[PDB]
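Here is the structure we will look at.
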Amino acid sequence: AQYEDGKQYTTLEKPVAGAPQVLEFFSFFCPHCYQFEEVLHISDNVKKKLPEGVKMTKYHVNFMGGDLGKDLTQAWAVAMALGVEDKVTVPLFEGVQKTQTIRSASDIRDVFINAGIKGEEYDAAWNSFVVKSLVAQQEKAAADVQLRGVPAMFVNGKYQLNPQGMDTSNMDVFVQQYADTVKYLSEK
């Protein structure tokens, strides 16, 4: 076929029930993830091609960057809770990988302050049990699918995108193949 298990995607041996429709995992320490966000705009191109009524989820992971990695998973929970993902994603990536000015939880916090979230509001979220359960959700989703690498995208808790099996000669063409593949799996 044109789309084949083990080529543009893989199938999970152990499917995950009740999983989000489109589930993406990343880390701010993850170099391909940086590319996916700032150069390829994968999430946004997948959205543009998804059917109506299909929601997209994006979670941070703990397994890169040790202590700062966990802080970032909690910061991403704060970002989801306040709905400020589109204002902190780029400065977090750049702070971790480009300028390397993010070295502590305080530095992460600075990124939110500079993005216009008030200190009082950030600290309240950071320490909230709503953010706690949001951290729990990120961890459980990753645990469910045996996640050992990012970037990763899972569709309907059953299919895992396989970007290694796509052409990377042209960045635009790669992105569309990726997005079309998500759409195909979505309609499966």
Side-chain angles (χ1 to χ4, degrees), residues 19-48 50 55-145 147-154 160-161 163 168 171 174-175 178-179 182:
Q21 296 167 278
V22 175
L23 179 53
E24 192 174 336
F25 295 102
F26 78 110
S27 171
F28 286 111
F29 280 95
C30 161
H32 282 134
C33 303
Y34 188 110
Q35 295 292 310
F36 267 46
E37 173 64 22
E38 302 202 0
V39 180
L40 302 180
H41 309 280
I42 288 288
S43 293
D44 178 53
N45 280 277
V46 171
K47 175 188 205 51
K48 297 193 306 82
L50 290 178
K55 90 177 304 287
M56 294 180 73
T57 306
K58 176 139 73 194
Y59 287 161
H60 196 267
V61 301
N62 290 341
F63 61 78
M64 305 185 68
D67 215 273
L68 251 192
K70 283 208 76 161
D71 278 326
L72 284 164
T73 296
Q74 186 162 357
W76 188 247
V78 177
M80 293 186 284
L82 299 177
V84 300
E85 299 96 323
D86 295 345
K87 313 163 166 207
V88 295
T89 287
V90 163
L92 285 169
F93 266 119
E94 297 200 348
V96 178
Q97 299 188 42
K98 188 192 172 169
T99 57
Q100 290 181 356
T101 47
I102 293 177
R103 310 199 221 78
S104 68
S106 177
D107 298 336
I108 298 173
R109 176 172 188 280
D110 287 346
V111 169
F112 284 72
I113 303 297
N114 188 52
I117 294 85
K118 295 160 183 185
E120 178 157 290
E121 184 179 2
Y122 183 88
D123 299 336
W126 181 270
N127 287 303
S128 72
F129 291 88
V130 168
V131 160
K132 298 207 190 310
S133 66
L134 228 35
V135 167
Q137 290 165 229
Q138 295 181 89
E139 294 184 18
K140 175 180 183 290
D144 286 350
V145 302
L147 186 72
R148 150 212 323 141
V150 284
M153 188 179 291
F154 296 90
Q160 183 182 345
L161 275 289
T168 60
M171 303 189 103
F174 168 76
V175 172
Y178 196 103
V182 180

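Index from 1, following the sequence.
Screening residues 82-91 for side chain to side chain donor-acceptor pair (under 3.5 Å), with sequence neighbours left out, gives no hits. The salt bridge (charged side-chain N to carboxylate O under 4.0 Å, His left out) analysis of residues 89-107, with sequence neighbours excluded, yields the pairs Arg103-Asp107. For residues 127-138, there are no side chain to side chain donor-acceptor pair (under 3.5 Å) pairs, not counting sequence neighbours.
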Contacts table for residues 68-83: side-chain donor-acceptor under 3.5 angstrom, sequence neighbours left out:
{"residue": "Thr73", "atom": "OG1", "partner": "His60", "partner atom": "ND1", "Å": "2.8"}
{"residue": "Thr73", "atom": "OG1", "partner": "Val61", "partner atom": "O", "Å": "3.3"}
{"residue": "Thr73", "atom": "OG1", "partner": "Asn62", "partner atom": "OD1", "Å": "2.7"}
{"residue": "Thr73", "atom": "OG1", "partner": "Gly69", "partner atom": "O", "Å": "3.3"}
{"residue": "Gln74", "atom": "NE2", "partner": "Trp126", "partner atom": "O", "Å": "2.9"}
{"residue": "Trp76", "atom": "NE1", "partner": "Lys58", "partner atom": "O", "Å": "2.9"}

For residues 110-121, which side-chain donor-acceptor pairs fall under 3.5 Å, sequence neighbours excluded?
none

Residues 19-29 side chain polar contacts: donor-acceptor under 3.5 Å, at least two apart:
{"residue": "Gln21", "atom": "OE1", "partner": "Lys55", "partner atom": "N", "Å": "3.0"}
{"residue": "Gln21", "atom": "NE2", "partner": "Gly53", "partner atom": "O", "Å": "3.4"}
{"residue": "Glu24", "atom": "OE1", "partner": "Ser43", "partner atom": "OG", "Å": "2.7"}
{"residue": "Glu24", "atom": "OE2", "partner": "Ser43", "partner atom": "OG", "Å": "2.8"}
{"residue": "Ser27", "atom": "OG", "partner": "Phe29", "partner atom": "N", "Å": "3.1"}

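Using a 4.5 Å heavy-atom cutoff, the side chains of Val46 and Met56 are in contact.
For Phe63, the ring pair (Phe, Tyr, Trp, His ring centres under 6.0 Å) criterion is met by no residue, not counting sequence neighbours. Under the salt bridge (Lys or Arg N to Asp or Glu O under 4.0 Å) criterion, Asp123 pairs with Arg109, sequence neighbours left out. With sequence neighbours left out, the side chain to side chain donor-acceptor pair (under 3.5 Å) criterion links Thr99 to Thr101. A search for salt bridge (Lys or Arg N to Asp or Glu O under 4.0 Å) contacts involving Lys140 returns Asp144, not counting sequence neighbours. The salt bridge (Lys or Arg N to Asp or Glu O under 4.0 Å) check on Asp44 picks up nothing, with sequence neighbours excluded.
Atom CZ of residue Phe174 and atom CG of residue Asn45 lie 11.0 Å apart, to the nearest 0.5 angstrom. Interatomic distance, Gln97 CD to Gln35 CD, rounded to the nearest 0.5 Å: 8.5 Å.
The heavy-atom pair separating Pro151 from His32 by the smallest distance is CD-CB, 3.6 Å.
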